[PDB]
Structures are given as C-alpha cells and as structure tokens.
Amino acid sequence: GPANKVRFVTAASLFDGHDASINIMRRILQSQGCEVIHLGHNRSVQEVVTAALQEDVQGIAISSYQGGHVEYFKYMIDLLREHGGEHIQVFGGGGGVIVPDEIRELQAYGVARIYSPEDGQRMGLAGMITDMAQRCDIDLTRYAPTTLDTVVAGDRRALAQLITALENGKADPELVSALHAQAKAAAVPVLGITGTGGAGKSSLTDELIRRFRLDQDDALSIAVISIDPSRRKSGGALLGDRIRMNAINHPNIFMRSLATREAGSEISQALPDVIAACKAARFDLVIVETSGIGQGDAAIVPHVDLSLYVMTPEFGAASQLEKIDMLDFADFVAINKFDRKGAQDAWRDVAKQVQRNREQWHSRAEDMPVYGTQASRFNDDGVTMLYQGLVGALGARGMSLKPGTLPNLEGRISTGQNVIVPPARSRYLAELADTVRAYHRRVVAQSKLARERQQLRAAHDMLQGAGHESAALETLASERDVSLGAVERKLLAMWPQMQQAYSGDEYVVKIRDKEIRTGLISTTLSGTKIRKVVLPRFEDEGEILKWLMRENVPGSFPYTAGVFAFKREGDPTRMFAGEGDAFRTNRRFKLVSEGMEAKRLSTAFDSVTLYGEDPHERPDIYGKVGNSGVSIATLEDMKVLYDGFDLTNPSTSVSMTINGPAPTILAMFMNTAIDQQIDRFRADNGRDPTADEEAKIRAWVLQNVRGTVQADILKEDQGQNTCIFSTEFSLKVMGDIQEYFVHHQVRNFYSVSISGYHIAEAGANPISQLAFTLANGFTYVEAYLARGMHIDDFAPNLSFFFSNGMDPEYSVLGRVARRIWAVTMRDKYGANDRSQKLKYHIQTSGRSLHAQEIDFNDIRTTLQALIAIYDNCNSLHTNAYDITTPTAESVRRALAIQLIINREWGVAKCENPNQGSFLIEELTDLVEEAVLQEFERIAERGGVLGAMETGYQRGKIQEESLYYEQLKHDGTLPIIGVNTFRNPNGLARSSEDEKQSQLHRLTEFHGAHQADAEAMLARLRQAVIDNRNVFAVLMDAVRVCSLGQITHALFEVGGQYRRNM
Amino acid sequence: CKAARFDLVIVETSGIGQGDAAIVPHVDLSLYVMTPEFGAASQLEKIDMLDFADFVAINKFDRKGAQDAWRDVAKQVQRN
Amino acid sequence: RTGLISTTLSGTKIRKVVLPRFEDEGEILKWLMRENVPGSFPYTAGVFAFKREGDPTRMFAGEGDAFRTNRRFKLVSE
C-alpha cells in the first residue's frame, strides 16, 4: 500500500529468448497494484537506463536467465550513482544461474537486492513484493525544481518532477498559470491521437516519427505523453504503450507514459497543464495518445490543436456512426489495420456518411482526409499519404516546417503492395491434402480395375483352356482394358522386364555412351548369396500393381525407398570446427584438413556475429567477444581464414551457420573467391587483370561457386522470438538474391537450410514438426512462385534437416515425408523429377538426450540410428555441444557405431529392411491421415501467416511440454534410470588483447573508409528508397562497409522488429 | 418496474468505456457482450468491468480467432 | 478378455499384432498354411498367442561349502 504512485520496470537482458517466467512475474506485480513499464526481451542497457531516467520510475525489476548479467548490473549501478539513480531501487532475480557464490559476490559488491532461488522459494514472491512496495515509500517532492531554468531548458527530469507536483498539487498554482501563459506565447503543435489502445496506433506513431526523422533530418523536438485508464479495482495499471515505440531514438525526443489517475474520468485532470509544460519546454512538437474512449466524449479535441481519430474496419452497423459525436469533431480519421475484408466498403460508407454530415455534396467523399491503413505492413503507402496530408494540414495550420525531402507519392489508400502472399493463394494447404486424398483414391481405383482385368483374363484363359467357346469373356476383358489407365498400364507393362532385370546377380546400365554394370549378389561367411534388394514374389497382379503404385523400387516415383536407386558407395567425416580469431581456426583446419582429398568444412560463429552485432566498447558484449564462435569484423578476416584452402576446388566444401546477415557473408565470400583468383593472376602476370579478365573470373566463379549455408530466419521466431527484421522483408531479400542467382545461373552453391532441430529440441511431437516444416517449405515455394519463378529451377537445391527421436513414429516418418514430397511436386506443379527428388539431413534425438545417465542414452541412440539406417539416411548428424567442448571421445563412439552399421551388420547389407510389414504400412497410412488432419487444422486457422501472427505453434509447444512433463512427473511415462531401474549406488575464452586488436582492425577499416563513408551511406539509402534488389548494392557496400554498419542501417531504415504482441 | 409487479426486468446499457461499472451495483446480476476483434490481449487489463461481470458473451462467433479468443479469455478470467 | 489396442504419447491406437489386409484369397491361404497367427500350428510366430505378461531374474548361485552358499542365497533370495 504505497502512499504515492509507485513506478516499476521489468525487462530482460540482451540476447534472451525466454521471458514467460518474467511475464508471469509481471502479471503478479500488476495484480498487486503496481504500475510497471515492461520492455520485453533483448533491450539495450543504455536504452533501458535512458527510459527509466526519463520516465522517473521508482523501482527496477530484473530477470537474468542467461548469465553475463553482472556486467549490466555494475554498469547500471555506476550510471545511476552517476546520474542520481541511487535512490531508485533496482531488484533482480534469475533463478539458479546466479551461483550462491555469485550471490555472495553480488551481495558484497553492493547490489541493491538479488533474490536467491532458496530465498525465492522460502520467502515467497508476494512477501518480497510487499517488502519492496513498502520500501519504496520515499518522498520525491524535494526533487521538484524550485526555479524555472530547468523547465525552460527542457530538463525532462525536471518536467517529470513537475508532473509529480501536478499529481500532488504541490506546484504553485500561480506558477502553473504562468506556465500556461508561457505556452500561450509558445503555441507548439499538439496532436491528439484518439482510438482504441493497442490497436496499432503505436506502430503508426513510430512510422510517422521515422518518416519525419528521415524527411526533416532528425530535427524535431518531439514530446509524447500517453494517458491510460487505471484499473478501478486494483488501482494500478501497466503502461504498455511506450513499449511498441522504437523510433524515439533521439535525445531531443521524449515520451511520457501516465495514467488517468481519476476514479471516474478516463483522462488525467492535469493534462492541459502537461501540455503547457511541454509547450514551455521548447519542444518543437507535442503528440498525445488518449486512453480508452467511449462514444460521446470529446474533451481532448478542444485541448489540442489538431485531432486524429483511429478507427478499424470492424465497427458493427453503419448506424453506430449515428452515436459517435467524437467523430463529428475529429479533424483527422484513419482506418487502422486494412488487412481485413470489407475495409474498402466501410471506407466508402464512412466517406459517404461524412459527406452527408458536412453536406459537402459538391466535394468528393474519397478526397476527404480519411484514409484506410494497415499498420503492420512496413513502407505502407497509406502511411506516406497520411504523413503528406498531415504536412499539408500543418501548413494550413501555419506550421513553419522544413521542405519535404521525400518524393511526393500520390494517393489516399494503402494498396497493400509488396505483399508476398497472394491473397487467394492461402488455403493451398488444404488443397494439397485433398490432392493427396484424391491420389490415394485414384490409386485404389486403378488397382481394383487392374485386378479385375487380370482376374477376368485368367478366368477366360482357364475357361478357354477348358475348351468352352464363350465370346462374352473377351468382350468383358476388353471392357476393362480400355478402362485401365494408360500410365498405370505402362507401369503394369514394365513389371516383367524389371522383375527379370533385377532377378539376376548383376545389373547392367548402358549409360550415355558408356556402360555401368554392377553385381547384385552379396555373399555371407556361409557362402549364401544375398540379393541387395529383393522384391515381392506374388502371383496375382492386383496386389502387385497396388504395391507398385503405392511403393515402387528405389529411384522410381515416388522414390518411397529413397531417392538414389542404389546405395551410395563409400568416409564423409564432417569437419566442423571454428573458434577464436582467424589464426587459431586456421591452425585447427590445418590439423583436420591435413592431406585430405575432399574438404568438407562446417563453420560456426558466435551469437554476436549470428545476431549481426557490431563489436562495441560496452563491456556487455566484451565478455562475449570471441566466445563460442569467431567474431568477424571485415572481409580480410575471412580471406585470411580461407588462406591456403582452394575453395574453387570441387572437393572443397564449406558449411557456414548463420541466417540473418547470411547474404552479406555470401557477398564477402564471393569477394574472397574473386580476390584469390585475381591476385593469383596478377602474380602470374605482374599486372592487374583487365576487365576482360574480370569477366572471365566472374564466369569462372559462377561455374565453380560451391558452398553450404545454414540459414533459417523463421525458426528463430518460433523458439527464440528474437527476430529483428520483418520476416516478410527478409524473405523478399531472399527472393532477390535467389533471382540474382538464377540470373547468374548459380548451380553448385547451397544457401537454403530448413530444419526442425530447434523444433525437435523444443519437445515438439514429430508429427507437428513434420507438418510445420512442410508448411514452411511449401509457403517458401509459393513465395518464389509468387515471385513468378519456375518451380523446377530451384527445387533441386532446396535442402532439409531433421532430428530423429524415440517414438515408433520415427520408424517410417522419413519415408512418409519422401513419399508425400514427390507427389506434392508432381501433381500440383509437375516440376522435373530432378526437382521432385528430396535431399535431407538427419539428426539423432536431442530432447531425449540428457546428461542424466548418458551411458544408456548411447544405447538408445543405437536404436535411433537403426531406423535411419533402415530409412537409408543420406546424412546423419550427432549433436555437438559447441558449453562443454564436444570431445573426440563422443566422435570416436559415433564413428565406431557408424562403422559397425556399415560393416558389422550383415542385415545392413540388404537395402529393403522395412518393406512388407503390414504394421509398417498401417503406421504409415495412419500417420499420413494424422498429418493431413493437422494440415487441415492449420489451413482452417488462416494459414501460416495467421498461425504465426497469433502464436499457434507457441500454444502447440506449451501443450506438448505440459503433457510430457505431467506424464514424466506422474510416473506413467516409464524412464530408464530416472523413473525405472534406479541405480542402487546412485569454455573457450579469447584474450581481451585479441578483441582489442580486432577492434583496432575494424576501426582502421572505418578510418580507411571514413572519408568515403558518406558515399557508402548514400549508396545504402539509394538501395533503401527504391526497394529494389539490394544485393546488387550490397555487392559493393560489403567491400567498403562493416557488417555492424549494415545492421545499424537496417535498423535505421525501420526494419527493426517491434514487440507489439 | 419492481413495484409494478413485473416478473422480470431487462436493461440495455448505453455507451461504455474501460473501467466504468456503475450499473453492476444497480442490478442483481451482470452480463457483458463482446466480439472476437479485441486488438492486443493486454486490453483486458483496461476492462475493469470484466473483473466484475457476472456473465460474459462473445457475440458474432463467425470471425476467425474466436476460439483462441475463448481459450485466452478463459485463462485470463481463470487467473482473475 | 484381453485388450488389443495400444496407445502412444500422441494417443495413436496401436494393435499389438496386425494381419495382412490382402484382397486375393489364394495368397492368403498360402500365408496361412506357411505362416499362421501365434498360438496356431505350426507356431512359427511362437507357441504363446499373446506375449507373456511380466521379472525373470534367475538366481545363478553356487560356490564353496553349503553354509557359504546358503548365506549367498540369503543375500539373493531374501
């Protein structure tokens, strides 16, 4: 029970994906009656400190679930003691990450308060909350400014103390009326923004602020005040509107979040005084967001100079406008979230209604200053049109403003252009599932017809063999012969030869002009001859054809037995290695790639690079520099990293793991590949290669461009929820660079990486993982199809990665996926078979893999590998902790297992370990049906776009985790070594000097490009404004810009993700 | 209405806001009507009358997301 | 009466033994003559039609004199 209004802040550290615990914590806090401004996850320390200082909050709540917090705590304490934040309480708690030794270190350091897991369990959360709240009983009235110097200068701390005085009424009322007089002499613009809270008005304000920043060159002093209703029961409120604001990145731009603090009134009673304070604070513009509005309230309109109303297409009947007197006084009206149906009709109706109200029959209703807009889509045309209309109104309102530097885009309606998804394309998933059903139906029908024909045939033969002359038999047989389908009859016709061709001990293939004859006989120690693939030996043809249609031989559509007709011959020991600087990594490569014919390198990076984070003098990342991955600053670092390794060699394979800035790294890789050849030719000639030599190098690189990239932006959004770029724009860039590749006929490189590894590690049931992956891949196909690209051109290069768990579902799941994939390619699009064949990678179980009794987990992994061997996996992966070092002991065990599979298993010499079992096919079909059902469920939910928009997969993983953990705790789930058979008896760091050297290299790169930095910025902005294929611009910018600069520019353009959910 | 020996009395409220719950003490039971479109789920913290509505109805079940709306609102009132 | 349905974590119904669903009867008879259900002649699929339900910890134990062996059994067969 605080005497005053207490303000608290909860937030998560940078690079944090898990915030549900802090979410429930903040729920309890606001339930207690605490006013909290939460900033979500991955928030800059400087940004959070600035926000807290400008908002003048009383307490700070911290949840540190990822470690490394100590730097942030120390820096924040130093800054608070530096900027008068010692009296502002700071509280933290992050579970068991803080070791009790670390707890003692923090306590002796001088931390305000750290909550131990033992303390959290014993004392309880409510008691701690009450203790803190009663502890925050501090008087801020002594902090109120006594003079007018701070107010005139614009000290927003002084203005916040003034707001507190207004709340307490302790301000000198004569001084307040004098402030009103000063505002009357000032008269700076005040914009009233009216509409429902959280509808997207924050995104609109963010985009408009960004537009004004770019047009007027960051020259606007913007003061923002938000008033929100107070929960009459609790008395507190969560000021969750500043959180969506991200374009406030300017010291002279200020924002304040406030409550109504009135039991009956929905607005603050001192709001005009706040307006006068902002006007006298020498702010070039004041923007106000209203609270939850009713029907006939129009109190804010006379208190502001311009009125802006926010509306949505959903408003009920058109007669609901007959009761909105607020709209009778709204100077500007905008229809928010134009993505829903009927929006254009409603716009026409409202325009007609306004025309009737104003009796302006001589004017055009569509020309009225009311626009329909969709806030979620970036670069919205209606947003630019409304900004232009606002500029025109300000000119009409007599606003001395700098001339517009932006092109004058015409119109009044956002057209939804650059919409990757075709609006109608959507329910494609149900279409595909129905196609699968129809394929099954047709297969059954054809099998039945062919069986009937065969039965009639043999019956006639026996009867004609019995001597009886019956002409009805041949007529009836012919009735089925024409009924028999042509393609099936062709497949029916092929049975005798292939049956005989594979009956022998050796298969011969005269390929092109040469011949490929390979023996088919395998011999055991007892001398028994083993055919590698043995076919069913049935007599009746109906079931034969049914099998063939449903299950062909390997290498035959739909490649159910695998894509490759015969097993690959052969040690693809993947060389995954990377840490520290270039020198250590190159030494390690020399260790691994010493005298190796085929270079198969796998490259990992630190999250700082994986997040595209520029190295910074802030210690927040300093402990993370060179940790768990190589931090790259410039192209030369990569070129040195690739010194002495002939990447143009066809046996040289490199697999790098990054998703977001991956095109930038690929551009750098192209630079390195070209530079190697150019420098070699220059040394070979003692002269610079000419433009003809440049074109020759270009064509040669296009010929020999080979590589693998582990990029998947989507999966970060599914499990980390840390994505920063709009996935729409990211996939647009993906399409642009893919278009470059097609235009450049890139044929040997691989950049797409679709996986379920984090999906599987999330605890996702395999069926859902499969279905979601299929949806994502086919939506990618549609997007590329929405790009007007031939399906067959890029499908062969499309890649997949899977993780294999324990359930009996995993037994055939890969085969089912292969079977459905081919028919999806064939029926819907009919791309060439080379596109229809699937390539994939398989990973063992990681979710069931645990340090708790890993010894038996190894034997479980044996079972895991069993199926993938029977499933004939083309690529098997065993997870590496690279956390503890992935020691060579595990690799020794895994390679031993692989060799045992390859040789020691005689059953492995067969190539059809699963064909025949009725259990197998029944499991297959039931799994098929279940996957279809899930597809229909997601298709019925508004497609992948809606499922991601609302968080469908979030609920999926939540339910799966809850059910699994309940089975685990109940003991119903039997677990070896945990729930059963209990035991009767029972870190790489880089020197800071290396980081400083790399930082010096990067700054020298900046110093090499500081004079030409303006040219690079202009080039970037030219790429930005036209919304073209940026990679063309990126091809040269990478040579003159660091990746951190690129990310900064991408965030500056407005591509930053706003936590608006 | 009560003294007129009327067996059941029905009242339709006028325009409402976020926190006003004035009619609830003036009535024996409380009923609210809502629609599937709700913007963010945080707006439930704005509806103080939701903490006191004896009954709630989600009109126009036709729009998408209404079922997940049921799930989330049911969880929210469960926590309430 | 013994249930034939088995349930997995995903709730999938599993029949412990599933016969072929062939259409022709000749190959059906061929199989039945060559392979019957468990508990049917010639019991290729095992004598017991249904799997034994159950802890076969065989106590292999003997060494030394009678007294030491009996103490060992006391340890094992307590």
# chains A, B, ... in the order shown; residues from 1 in each chain; ligands from 1
call {"tool": "select_by_dssp", "arguments": {"residues": "range 17-66 of chain B", "states": "alpha helix (DSSP H)", "output": "count of residues only"}}
result
5
call {"tool": "residues_around", "arguments": {"residues": "residue 62 in chain B", "least_positions_apart": "5", "cutoff": "12 Å", "atoms": "only C-alpha atoms", "output": "PyMOL selection string"}}
result
chain B and resi 35-37+67
call {"tool": "write_last_selection", "arguments": {"atoms": "C-alpha atoms", "output": "PDB file, in the first residue's frame"}}
result
ATOM      1  CA  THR B  35     -16.781  -9.554 -30.124  1.00  0.00           C
ATOM      2  CA  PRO B  36     -13.820 -11.599 -31.460  1.00  0.00           C
ATOM      3  CA  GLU B  37     -11.905  -8.470 -32.553  1.00  0.00           C
ATOM      4  CA  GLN B  67     -11.850 -19.981 -30.481  1.00  0.00           C
TER       5      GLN B  67
END
call {"tool": "residues_around", "arguments": {"residues": "range 46-50 of chain B", "least_positions_apart": "2", "cutoff": "6 Å", "atoms": "only C-alpha atoms", "output": "MDAnalysis selection string"}}
result
(chainID A and resid 231) or (chainID B and resid 18:19 21 43:44 52:53)
call {"tool": "closest_atom_pairs", "arguments": {"of": "chain A", "to": "chain C", "cutoff": "8 Å", "atoms": "only C-alpha atoms", "output": "tab-separated table"}}
result
residue	atom	partner	partner_atom	distance
A:538	CA	C:27	CA	7.7
A:539	CA	C:27	CA	7.9
A:540	CA	C:24	CA	7.4
A:543	CA	C:23	CA	7.5
A:765	CA	C:10	CA	7.5
A:918	CA	C:20	CA	5.7
A:919	CA	C:18	CA	6.2
call {"tool": "write_last_selection", "arguments": {"atoms": "C-alpha atoms", "output": "PDB file, in the first residue's frame"}}
result
ATOM      1  CA  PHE A 538       3.305 -62.508 -55.670  1.00  0.00           C
ATOM      2  CA  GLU A 539       1.245 -64.263 -58.331  1.00  0.00           C
ATOM      3  CA  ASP A 540      -1.921 -62.155 -58.600  1.00  0.00           C
ATOM      4  CA  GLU A 543      -1.783 -56.505 -55.283  1.00  0.00           C
ATOM      5  CA  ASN A 765       5.988 -34.132 -31.290  1.00  0.00           C
ATOM      6  CA  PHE A 918       1.717 -54.760 -42.528  1.00  0.00           C
ATOM      7  CA  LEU A 919       2.432 -52.876 -39.309  1.00  0.00           C
TER       8      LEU A 919
END
call {"tool": "residues_around", "arguments": {"residues": "residue 56 in chain B", "least_positions_apart": "3", "cutoff": "10 Å", "atoms": "only C-alpha atoms", "output": "mmCIF file with N, CA, C and O atoms, in the first residue's frame"}}
result
data_model
loop_
_atom_site.group_PDB
_atom_site.id
_atom_site.type_symbol
_atom_site.label_atom_id
_atom_site.label_comp_id
_atom_site.auth_asym_id
_atom_site.auth_seq_id
_atom_site.Cartn_x
_atom_site.Cartn_y
_atom_site.Cartn_z
ATOM 1 N N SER B 30 -24.805 -9.314 -13.515
ATOM 2 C CA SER B 30 -24.077 -8.577 -14.539
ATOM 3 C C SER B 30 -23.806 -9.466 -15.745
ATOM 4 O O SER B 30 -23.411 -10.626 -15.600
ATOM 5 N N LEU B 31 -24.019 -8.912 -16.940
ATOM 6 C CA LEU B 31 -23.773 -9.627 -18.190
ATOM 7 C C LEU B 31 -23.079 -8.672 -19.153
ATOM 8 O O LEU B 31 -23.525 -7.535 -19.332
ATOM 9 N N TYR B 32 -21.993 -9.131 -19.767
ATOM 10 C CA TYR B 32 -21.281 -8.356 -20.771
ATOM 11 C C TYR B 32 -21.291 -9.083 -22.111
ATOM 12 O O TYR B 32 -21.315 -10.315 -22.161
ATOM 13 N N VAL B 33 -21.278 -8.310 -23.194
ATOM 14 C CA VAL B 33 -21.234 -8.841 -24.551
ATOM 15 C C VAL B 33 -19.992 -8.300 -25.245
ATOM 16 O O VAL B 33 -19.725 -7.093 -25.207
ATOM 17 N N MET B 34 -19.234 -9.193 -25.877
ATOM 18 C CA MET B 34 -18.019 -8.823 -26.590
ATOM 19 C C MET B 34 -18.015 -9.460 -27.973
ATOM 20 O O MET B 34 -18.906 -10.232 -28.334
ATOM 21 N N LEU B 50 -14.758 -6.082 -16.595
ATOM 22 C CA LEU B 50 -14.524 -7.507 -16.796
ATOM 23 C C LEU B 50 -14.222 -8.232 -15.495
ATOM 24 O O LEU B 50 -14.602 -9.399 -15.349
ATOM 25 N N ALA B 53 -17.962 -8.507 -14.208
ATOM 26 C CA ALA B 53 -19.076 -9.015 -14.995
ATOM 27 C C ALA B 53 -19.414 -10.440 -14.577
ATOM 28 O O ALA B 53 -18.597 -11.357 -14.705
ATOM 29 N N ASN B 59 -20.217 -12.196 -28.804
ATOM 30 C CA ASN B 59 -21.118 -12.139 -29.944
ATOM 31 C C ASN B 59 -20.342 -12.272 -31.252
ATOM 32 O O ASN B 59 -19.144 -11.988 -31.332
#
